[PDB]
Amino acid sequence: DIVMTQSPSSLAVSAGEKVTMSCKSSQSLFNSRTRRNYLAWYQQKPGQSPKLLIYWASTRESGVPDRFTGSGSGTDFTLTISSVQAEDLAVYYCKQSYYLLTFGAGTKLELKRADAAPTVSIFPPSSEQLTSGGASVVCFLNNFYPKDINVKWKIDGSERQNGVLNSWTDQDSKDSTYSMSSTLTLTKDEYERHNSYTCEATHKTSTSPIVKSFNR
Amino acid sequence: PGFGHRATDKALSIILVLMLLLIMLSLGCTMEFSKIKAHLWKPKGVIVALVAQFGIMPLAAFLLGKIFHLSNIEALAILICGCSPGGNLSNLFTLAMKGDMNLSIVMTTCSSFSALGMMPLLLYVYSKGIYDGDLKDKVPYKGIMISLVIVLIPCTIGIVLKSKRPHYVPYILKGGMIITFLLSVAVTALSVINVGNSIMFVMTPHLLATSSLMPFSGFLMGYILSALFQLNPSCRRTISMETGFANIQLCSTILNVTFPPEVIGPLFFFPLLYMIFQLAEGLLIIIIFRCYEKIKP
Amino acid sequence: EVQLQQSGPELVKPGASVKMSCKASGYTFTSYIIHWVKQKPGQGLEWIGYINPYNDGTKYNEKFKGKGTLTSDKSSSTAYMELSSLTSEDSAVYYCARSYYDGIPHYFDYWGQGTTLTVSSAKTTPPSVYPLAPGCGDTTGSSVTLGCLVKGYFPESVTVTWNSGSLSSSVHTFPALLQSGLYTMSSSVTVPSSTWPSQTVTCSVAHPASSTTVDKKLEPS
Numbered sequence: 004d005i006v007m008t009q010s011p012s013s014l015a016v017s018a019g020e021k022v023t024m025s026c027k028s029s030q031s032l033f034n035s036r037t038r039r040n041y042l043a044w045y046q047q048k049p050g051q052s053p054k055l056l057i058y059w060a061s062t063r064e065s066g067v068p069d070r071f072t073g074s075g076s077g078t079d080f081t082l083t084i085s086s087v088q089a090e091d092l093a094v095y096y097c098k099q100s101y102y103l104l105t106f107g108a109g110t111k112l113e114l115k116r117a118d119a120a121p122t123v124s125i126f127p128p129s130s131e132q133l134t135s136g137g138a139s140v141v142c143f144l145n146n147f148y149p150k151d152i153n154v155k156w157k158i159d160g161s162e163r164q165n166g167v168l169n170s171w172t173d174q175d176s177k178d179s180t181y182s183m184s185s186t187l188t189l190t191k192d193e194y195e196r197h198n199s200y201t202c203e204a205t206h207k208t209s210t211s212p213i214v215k216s217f218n219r
Numbered sequence: 004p005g006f007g008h009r010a011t012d013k014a015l016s017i018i019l020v021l022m023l024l025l026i027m028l029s030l031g032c033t034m035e036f037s038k039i040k041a042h043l044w045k046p047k048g049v050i051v052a053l054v055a056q057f058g059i060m061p062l063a064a065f066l067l068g069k070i071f072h073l074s075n076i077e078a079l080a081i082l083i084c085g086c087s088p089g090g091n092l093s094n095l096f097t098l099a100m101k102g103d104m105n106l107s108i109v110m111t112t113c114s115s116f117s118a119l120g121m122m123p124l125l126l127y128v129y130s131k132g133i134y135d136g137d138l139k140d141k142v143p144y145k146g147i148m149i150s151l152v153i154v155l156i157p158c159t160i161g162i163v164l165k166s167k168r169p170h171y172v173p174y175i176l177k178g179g180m181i182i183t184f185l186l187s188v189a190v191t192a193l194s195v196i197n198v199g200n201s202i203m204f205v206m207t208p209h210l211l212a213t214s215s216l217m218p219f220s221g222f223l224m225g226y227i228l229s230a231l232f233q234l235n236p237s238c239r240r241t242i243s244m245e246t247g248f249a250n251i252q253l254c255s256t257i258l259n260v261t262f263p264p265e266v267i268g269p270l271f272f273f274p275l276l277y278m279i280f281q282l283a284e285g286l287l288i289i290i291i292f293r294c295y296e297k298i299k300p
Numbered sequence: 169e170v171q172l173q174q175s176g177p178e179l180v181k182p183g184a185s186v187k188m189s190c191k192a193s194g195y196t197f198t199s200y201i202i203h204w205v206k207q208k209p210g211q212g213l214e215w216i217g218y219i220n221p222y223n224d225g226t227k228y229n230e231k232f233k234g235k236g237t238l239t240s241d242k243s244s245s246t247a248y249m250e251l252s253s254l255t256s257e258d259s260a261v262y263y264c265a266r267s268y269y270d271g272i273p274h275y276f277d278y279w280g281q282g283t284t285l286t287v288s289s290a291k292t293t294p295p296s297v298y299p300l301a302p303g304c305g306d307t308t309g310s311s312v313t314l315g316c317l318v319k320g321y322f323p324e325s326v327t328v329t330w331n332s333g334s335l336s337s338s339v340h341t342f343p344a345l346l347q348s349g350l351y352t353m354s355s356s357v358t359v360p361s362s363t364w365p366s367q368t369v370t371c372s373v374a375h376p377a378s379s380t381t382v383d384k385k386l387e388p389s
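Residue numbers (my numbering), protein chains in the order written: chain A, 4 to 219; chain B, 4 to 300; chain C, 169 to 389.
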C-alpha cells in the first residue's frame, strides 16, 4: 500500500508570508503511460465538507482563488499560497488515487500572535456536588496562543495525574488565542483526606511554571 | 452518439449469421480430414501459434499502449483486442494464402479452448494500473462457445459432404462464392447507413496509429516466429494470417457490459475501426502475395 | 449544478443494524461512482470504499472489508451503506463523494453534506448544573472568572448562556468529549470584581433534546 506523511502538520501565517505544505507519499505515484501524476489536494474548513482544490497535482479546479498553486512530481509535491487570507484557514490532506484511495494526516493552519499571557483559574466542587456522591475540581487556563502547554496536579506533594480530563478551545475569531480546561473527578471518602490539589501549568512563554495552591 | 440502435440490428445479425454459415459450408466442402488427424498427432505449428497469440499479441498491445500514451479505456480496449483468439474472418481470408487449410480447424479450436481458460488470467496480469477491478467474470464465455460452434458445425458438414459426394463440391462451392459476394454489398451499405458520421468521433491519431500497428505487428511477428521454427511456407502463412487477426465482438461486448455508453464515447466505434484497418491490411497482403506468385509462376 | 443529499444524523444502540443513504440527482447516476469517507472527530479523513452504480461493482478498503456493505439503486439514484457491526468507537462523520471512473477513480470533485453517526447506550438523562465559585481566602484581583459545569447529559444538543453575564464578550465554551458514557462541557466568563457584587450573574443551560431549561446563580464562598 501507499502511505502519505505531511511534514509540518501545523503552522501559522499572519498576512502575506507564503506557506509550503508537502507530503512525500511512499513511492513514485506517477503513471508512465499517461502523464497524469495522480494526486489531489483538498481543503476542509471546520464544520464543513471537504472541498477539492487541485487535481493531478498541477491543475486547479475552476472557481478556486488563483493564489492556490501546486507543483510536484514523483514522490515530492508542494502546495503554496502566494497570499494567505483569513478564509484559507483549514485542513489539507493531499489525497492520492494512484493505486488505492488513501488520505494524508492533514495540515492545520492558524493565525500567528506575538506572545501569550495565560491566566490560571482553580475551583473546587460545590456543596451539592459533594452531597451528590462525588467531587470535581476544575482548573482552566485562559488566553494562551501556543498549543504546546502542559498541566500537572500535585496532591500532598505527590504526582497523581490519574483520572484527569482535558479540553481545548477552537481558536475563537475574536483573537488567535484560546483557552483550555481540565477536570479531575474523585469519589467521596477521599476528597477531604488529601486536600492540597495544587495545580501547575508549564508553558514555553515562561521558564518557571505557574503554580497555584489550594487549601481546605 | 447513436440515438437509435434498432435500425435492422436483428436483421443485420441474422444476415451475417447466414453469411458465416454458408461460407463455412463452402469452405469446409473443399478440404480433407486426414491432414487434421496428422496435425493433431504431431502438433508443431499449433503450439507456436498459440504461444505467439497469447504471449506476444498481449505484450505488443501493452507496449503500444505504453508508447502511444493511450487512455485507460483505450489501453484496456487494445489489450482486450490483442489477447483475443483469431477471428473467423482469419479462416475466411487464409484461403487466399491457400496454405495448409486443414490446420486452420484445429487452430481455431485450440485458440478458442486456450482463450476460454486464459483470458481472465492473461488479462488480469497485464491490468496493472488499468481497471483495478477483478474483471475476471466480465469476459463472455457463451459468446466464445457460440462462435466456436458456428465455426465448427458447418465445417464438419462441409467435410462430410466433400468426403461423401465430391462431384457435388464444385457446384455448391462456386455458386456459394457468388452468394457470399454480392450479399456482402447488400450488407456493406447497410453498415454505412448504420455507422452514420464518425470522422470527428473515433479518428484519433493515437488510436489510428495503434489500430494500424496492431494487426501489422501481429502478422509480422507470427511470420517471423514461424520462420525461426523452420515450418512449411504454407504453415508460416496460415500461422501469420491467424495470429494477425483478432475478434472485435468480444471486445465490444466486454466494453459494453463493463462500462456505460456515456463513458465510452468514441470507443464504441473503435472495434469497427480496427476491423476496417485489418480488412485493409489483409487485402493489401493478399494482393502483394498474389503479385509475388504471378511474377514467378 | 450537482449536489449530494445525506440522510441526516442517526443515533443507534451498539446493536448495529444501521443504514446510511446518499442521494445524487444532478446528473446521470450511472456515469460516476460513489465513494464513502469516514472521519473521526479530530483524526482526519479515512477512505472506506466505492461503488459503481452501473455494473454494481464495489471496492472496499482492507480495514472496512468485514463491516462495509455498499448497494446502489438506479431508480432512486441513491447509494446505501450498511455496517452491521458498531461499537462505541464507531461514532463518526460519513461523507459520500462523486468521482469519475474511466479505469481508475480520478478525484472527489463533489461531496455530500456529511452524516453524523452516534453509537452508544442512549438513555437520555436530565443534566445537572454545578456552579464554580472562588473565595477560599484568595485575594481575587481586578477581574474574576466564573462558570457553571454540567454533568449527566446524553445528547450534544446543549447550550450555555449568560443573560446577566458578559454575553459574547470574554466567554469561553469548552467542547465536550465523551467519557464514562455521559460527557461534560464547561463555560467560563470573566467580569470586573468591582461591579460583580452590584449585579448578580446567572447562567442558564438550555437542553432542547429534553424538557429542561434550568438556570441558576452562583454564590461566593
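Just so it is clear, CB atoms sit at the ideal spot from N, CA and C, and this is done for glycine as well.
Reference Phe6 (chain B); option with closest CA among B:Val188, B:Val198, B:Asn94 = For the purposes of this step, residue 6 (chain B) is taken as residue 3 along the second sequence, with counting starting at 1. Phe6 (chain B) has its Cα closest to that of B:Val198, out of B:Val188, B:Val198, B:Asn94.
Contact list for the stretch 61-72 of chain B against chain D, Cβ threshold 7 Å = Judged by its chain identifiers, the structure shown contains no chain D, and its protein chains are A, B and C.
Neighbouring residues, chain C, relative to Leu270 (chain B) (Cβ below 8 Å) = Counting from one through the second sequence, the residue named residue 270 (chain B) turns up at place 267. Per Cβ cutoff of 8 Å: no residues; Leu270 (chain B) is ~10 Å from chain C at best.
Taking 8 Å as the CB-CB cut-off, is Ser184 (chain A) touching chain C?
-> Counting from 1 along the first sequence, the entry for residue 184 (chain A) is found at position 181. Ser184 (chain A) counts as touching chain C.
By Cβ distance below 7 Å, which residues in the same chain neighbour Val297 (chain C) in space, the five residues on each side in sequence not counted?
-> Within the third sequence, the letter at position 129 stands for residue 297 (chain C). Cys316, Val318, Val373, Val382, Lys384.
Quick one: complete alpha helix (DSSP H) runs, 4+ long, within the stretch 162-198 of chain A?
-> With a minimum length of 4 residues, the continuous alpha helix (DSSP H) runs that stay inside the stretch 162-198 of chain A are 194-197.
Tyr222 (chain C) versus chain B: which residues are under 8 Å apart at the beta carbon?
-> Taking the third sequence and counting its residues from 1, one reaches residue 222 (chain C) at position 54. Listed along the chain, the chain B residues whose CB falls inside 8 Å of the CB of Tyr222 (chain C) are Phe262, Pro263.
Rounded to the nearest angstrom, how far is the Cβ of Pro53 (chain A) from that of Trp279 (chain C), given a contact under 8 Å?
-> Stepping through the first sequence from its first residue, residue 53 (chain A) is reached at position 50. Stepping through the third sequence from its first residue, residue 279 (chain C) is reached at position 111. Yes, they are in contact, since the Cβ atoms of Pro53 (chain A) and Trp279 (chain C) sit about 6 Å apart, within 8 Å.
Is the beta carbon of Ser243 (chain B) less than 8 Å from the beta carbon of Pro274 (chain B)?
-> For the purposes of this step, residue 243 (chain B) is taken as residue 240 along the second sequence, with counting starting at 1. For the purposes of this step, residue 274 (chain B) is taken as residue 271 along the second sequence, with counting starting at 1. No, these two residues do not count as a Cβ contact at 8 Å.
Quick one: what does DSSP say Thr226 (chain C) is sitting in, helix, strand or coil?
-> If you number the third sequence from 1, residue 226 (chain C) lands on position 58. Correct three-state label for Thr226 (chain C): strand.
Starting from the C-beta of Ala55 (chain B), find all residues in its chain whose C-beta is less than 6 Å away, skip the five residues before and the five after it, and write them out in chain order.
-> Stepping through the second sequence from its first residue, residue 55 (chain B) is reached at position 52. Excluding residues within five positions, the ones whose Cβ falls inside 6 Å are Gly225, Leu228, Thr246.
Could you give the distance in angstroms between the alpha-carbon of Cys32 (chain B) and the alpha-carbon of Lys165 (chain B)?
-> Mapped onto the second sequence, residue 32 (chain B) falls at position 29. Mapped onto the second sequence, residue 165 (chain B) falls at position 162. Roughly 5 Å between the two C-alpha positions.
So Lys111 (chain A) and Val94 (chain A) are in contact, right, with Cβ under 8 Å, and what is the actual spacing, rounded?
-> Residue mapping note: residue 111 (chain A) aligns to position 108 of the first sequence, counting from 1. Residue mapping note: residue 94 (chain A) aligns to position 91 of the first sequence, counting from 1. Contact holds; Cβ gap of about 6 Å.
Quick one: any contact between the stretch 256-263 of chain B and the stretch 227-241 of chain B, if contact means 3 or more CB pairs under 8 Å?
-> Verdict: no, contact absent.
Could you check the C-alpha separation between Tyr101 (chain A) and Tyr129 (chain B) for me, to the nearest Å?
-> Position 98 of the first sequence, counted from the start, is the residue given in the question as residue 101 (chain A). Position 126 of the second sequence, counted from the start, is the residue given in the question as residue 129 (chain B). A straight line joining the alpha-carbon of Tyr101 (chain A) with that of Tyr129 (chain B) spans about 16 Å.
Report the residue ranges of all alpha helix (DSSP H) runs contained in full by the stretch 193-241 of chain B; include only those spanning at least 4 residues, in chain order.
-> 208-231, all fully within the stretch 193-241 of chain B.
So does the stretch 345-362 of chain C actually touch the stretch 175-193 of chain A, counting three or more Cβ pairs closer than 8 Å?
-> Remark: three or more beta-carbon pairs, one from each stretch, lie closer than 8 Å, so the stretch 345-362 of chain C and the stretch 175-193 of chain A are flagged as touching.
In three-state terms, what does DSSP make of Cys84 (chain B)?
-> Reading the second sequence from its first residue, position 81 is the one you call residue 84 (chain B). Correct three-state label for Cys84 (chain B): helix.
Beta-ladder partner(s) of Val180 (chain C), from DSSP | Counting from 1 along the third sequence, the entry for residue 180 (chain C) is found at position 12. Answer is C:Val287, bridged to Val180 (chain C).
In terms of residues, what are the limits of the alpha helix (DSSP H) holding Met353 (chain C)?
-> Taking the first residue of the third sequence as 1, we reach residue 353 (chain C) at position 185. If you look at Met353 (chain C), you'll find it isn't in any alpha helix (DSSP H); it sits in the beta strand (DSSP E) that goes 352-360.
Look up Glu203 (chain A) in the DSSP assignment and say whether it is helix, strand or coil.
-> As a first step, residue 203 (chain A) must be located in the first sequence, where it is residue number 200. In this structure, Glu203 (chain A) counts as strand in the three-state DSSP scheme.
Segment limits, beta strand (DSSP E) that includes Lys167 (chain B) = Position 164 of the second sequence, counted from the start, is the residue given in the question as residue 167 (chain B). Annotation for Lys167 (chain B): no beta strand (DSSP E) segment contains it, though the alpha helix (DSSP H) segment containing it runs 145-167.
Could you tell me which chain C residues have their CB closer than 7 Å to the CB of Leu79 (chain B), listed as they occur along the chain?
-> Walking along the second sequence from the start, residue 79 (chain B) turns up at place 76. Chain order gives the chain C residues near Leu79 (chain B) as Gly271, where near means a beta carbon separation below 7 Å.
How about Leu114 (chain A) and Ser29 (chain A): are their beta carbons less than 8 Å apart?
-> Mapped onto the first sequence, residue 114 (chain A) falls at position 111. Mapped onto the first sequence, residue 29 (chain A) falls at position 26. Cβ atoms of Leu114 (chain A) and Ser29 (chain A): not closer than 8 Å.
Cβ-heavy atom distance between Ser16 (chain B) and the ligand ATP below 7 Å?
-> Inclusion of the ligand ATP in the displayed structure is not the case, the ligand content being empty and no account of it being possible.
Give the interface partners of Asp277 (chain C) over in chain A, defined as CB-CB distance under 8 Å, in chain order.
-> For the purposes of this step, residue 277 (chain C) is identified with residue 109 of the third sequence, where counting begins at 1. The contacting residues are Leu55, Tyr58, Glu64.
Please compile the residues from chain B whose C-beta is within a distance smaller than 8 Å of the C-beta of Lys227 (chain C).
-> Counting from one through the third sequence, the residue named residue 227 (chain C) turns up at place 59. Neighbours of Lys227 (chain C) on chain B, chain order: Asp135, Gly136.
Quick one: which residues of the stretch 34-56 of chain A get their C-beta closer than 8 Å to a C-beta of chain B? List them in chain order.
-> Close to chain B, meaning a Cβ-Cβ distance shorter than 8 Å, are the following residues of the stretch 34-56 of chain A: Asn34, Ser35, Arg36, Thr37, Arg38.
May I have the straight-line CA-CA distance separating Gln174 (chain C) from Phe71 (chain A), to the nearest angstrom?
-> For the purposes of this step, residue 174 (chain C) is taken as the residue at position 6 of the third sequence. For the purposes of this step, residue 71 (chain A) is taken as the residue at position 68 of the first sequence. Looking at the two C-alpha atoms, the distance is approximately 29 Å.
Do we get a CB-CB distance below 8 Å when we pair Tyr96 (chain A) with the residues of chain C?
-> What you label residue 96 (chain A) is simply residue 93 of the first sequence in a count that begins at 1. Interface residue, yes.
Determine the direct distance from the alpha carbon of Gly58 (chain B) to that of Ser117 (chain B), and round the result to whole angstroms.
-> Counting from one through the second sequence, the residue named residue 117 (chain B) turns up at place 114. Counting from one through the second sequence, the residue named residue 58 (chain B) turns up at place 55. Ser117 (chain B) and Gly58 (chain B) have their alpha carbons spaced roughly 12 Å apart.
Leaving out five residues on either side along the sequence, give the residues of the same chain with a beta carbon under 6 Å from the beta carbon of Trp330 (chain C).
-> Mapped onto the third sequence, residue 330 (chain C) falls at position 162. Excluding sequence neighbours, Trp330 (chain C) sits near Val357, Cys371.
Please compile the residues from chain B whose C-beta is within a distance smaller than 7 Å of the C-beta of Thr196 (chain C).
-> Translated into the one-based positions of the third sequence, residue 196 (chain C) becomes position 28. Residues of chain B with a Cβ closer than 7 Å to the Cβ of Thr196 (chain C) are, in chain order, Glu265.
Determine the closest residue to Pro123 (chain B) out of B:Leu138, B:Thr112, B:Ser115, B:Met104, with distance taken between C-alpha atoms.
-> Residue 123 (chain B) sits at position 120 when you count from the first residue of the second sequence. Among B:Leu138, B:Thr112, B:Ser115, B:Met104, the Cα nearest to that of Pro123 (chain B) belongs to B:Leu138.
Closest Cβ-Cβ distance between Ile76 (chain B) and chain C: below 8 Å?
-> By 1-based counting over the second sequence, the position of residue 76 (chain B) is 73. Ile76 (chain B) has a beta carbon lying within less than 8 Å of a beta carbon in chain C.
Please compile the residues from chain B whose C-beta is within a distance smaller than 8 Å of the C-beta of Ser193 (chain C).
-> Locating residue 193 (chain C) in the third sequence gives position 25, where the first residue counts as 1. Per Cβ cutoff of 8 Å: no residues; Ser193 (chain C) is ~16 Å from chain B at best.
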